[PDB]
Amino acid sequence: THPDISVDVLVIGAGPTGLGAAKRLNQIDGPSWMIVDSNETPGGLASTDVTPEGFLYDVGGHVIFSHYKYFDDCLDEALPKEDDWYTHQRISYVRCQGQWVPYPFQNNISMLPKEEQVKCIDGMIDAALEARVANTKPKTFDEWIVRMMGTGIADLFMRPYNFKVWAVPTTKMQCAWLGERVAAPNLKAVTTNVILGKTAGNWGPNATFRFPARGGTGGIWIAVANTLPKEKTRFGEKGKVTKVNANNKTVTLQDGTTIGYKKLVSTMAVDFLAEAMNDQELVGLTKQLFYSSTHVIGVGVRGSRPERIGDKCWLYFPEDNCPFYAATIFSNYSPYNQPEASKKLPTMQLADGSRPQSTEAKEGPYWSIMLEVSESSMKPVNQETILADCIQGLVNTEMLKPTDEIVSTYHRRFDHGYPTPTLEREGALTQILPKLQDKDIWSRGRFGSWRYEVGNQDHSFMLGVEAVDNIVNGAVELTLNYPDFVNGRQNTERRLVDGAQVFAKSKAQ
């Protein structure tokens, strides 16, 4: 038959990965193509939302660090101005027994109760002598942890937190994925630091980072999308992909529109990929993976930001006094993530969950905090409770005086929050992925790919870019198959203008 229309290449989804695709597609501009999204608003998970009260919230505190000069090119193109951006220094703390413990946890043991210090140092000495003897390799993530850290830190922080974040015990996932993320401590220097009750806060992927002036992180993907030809895109219920026939290389939509493709690029969750294909084998295979749902909770609050807080960017919570694994001061990122002091809002409620004295709308400055709470079969959540539970956690954490006035409340639940790096993961993937490609499909994304090592924004955008560049110029996908490689380097070669483009506009003479 005749597909309603046909291109050489079809990109499904408007998130960062889909947009990497669209960006290189558009840049080379050799082949027929176009991109679709169920969302009239592009950016997917990387997008932003807002409360009627006027407070903005990302999906869980998205911050920028990139290994890609291409990614950076695209960004600077979409937000070219100096003031389109704010530049911040990473500030991280961990809440343990009343303390704010500077990240990395390790050398900051100095700030601990001396007894817990003792425990940590002990377990760590054990791990050190033991490691001295190793040819071999860690099996589980847990095992890895215990190996690089020691049972003191393991029991104290690592385990409880990492379950709080992953919604599964650290024993049940693997250690393959940790290369530039998770910190492995050096005993000698830790001893030293503790001796001196001093800190080293310089390490981490985040030394400096930047944030969009206004519009939250969703503004990046809006601005980025704006750069494309519009008739080459469809977002809305017209963008919703209902069905896939990989044998006809055709896709059916919500409106029953049909589309042909020579090749396909899909950023949508691979399980839904399969479900939409009606491929029994494939779905059976995709069920083998695991993921965690995220609940995002922001809070509007009245009054100029407290002194107890200040320059703190985001931070973590191992203890069980709070439902959330992490939290973020959004106000610190820019002035535009919350309304203006000048504007008058009424107090929604007291931090202790009580009526304010009255109903009047007053102004003051304000501030914003965004915390995230995980859910899975091993760690469920109750929706109604969970919000109040969070606010409570804030109380308990010495975050808010119960006297504090809550001006705003935000809650939303995301079904696929995280690819879960379980042990079964590589077994399932190494099956799924190549299976797809032989059908001429590139599944890439936080979910399309399902590799969390690679699940950051630049990572995704570059998964799209690479998938494309492979489909055209036969480029290998390093972001995909060689994460430690891509992460362990600055990638300078690929730019938004390539010698091809240069020599074409050269040819124009």
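Residue numbers here begin at 1 and follow the sequence given.
Q: Going by the average Cα B-factor in the PDB entry, point out whether 75 to 83 or 339 to 347 comes out higher.
A: Taking the mean C-alpha B-factor of 75 to 83 and of 339 to 347, the larger value falls to 339 to 347.
Q) Hey, which bit's got the bigger mean C-alpha B factor in the entry, 349 to 357 or 289 to 297? A) The stretch with the larger mean CA B-factor is 349 to 357.
**Q.** Out of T233, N193, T217, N202, residue topping the C-alpha B-factor column of the entry
**A.** Out of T233, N193, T217, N202, the record gives the largest C-alpha B-factor to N202.
Q. When you compare the CA B-factors of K249, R95, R425, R132 as listed in the entry, which one comes out on top?
A. Highest C-alpha B-factor among the listed residues goes to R425.
(Q) For the chain shown, is the CA B-factor of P113 in the lowest, middle or highest third of its modelled residues? (A) For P113, the deposited C-alpha B-factor lands in the highest third.
Q | Cα B factor band for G61 (lowest, middle or highest third within the chain) | A | Highest third.
(Q) Test of reading the entry: by CA B factor among the chain's modelled residues, which third contains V7? (A) Its C-alpha B-factor, which the entry lists for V7, ranks in the lowest third among residues of this chain.
Q: Grab the CA temperature factor for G499 from the record and place it in the lowest, middle or highest third of its chain.
A: For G499, whose C-alpha B-factor we compare with every modelled residue in the chain, the answer is the middle third.
Q: Going by the recorded CA B-factors, say which third of the chain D142 sits in, lowest, middle or highest.
A: As the PDB entry reports it, the C-alpha B-factor of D142 lands in the middle third of its chain.
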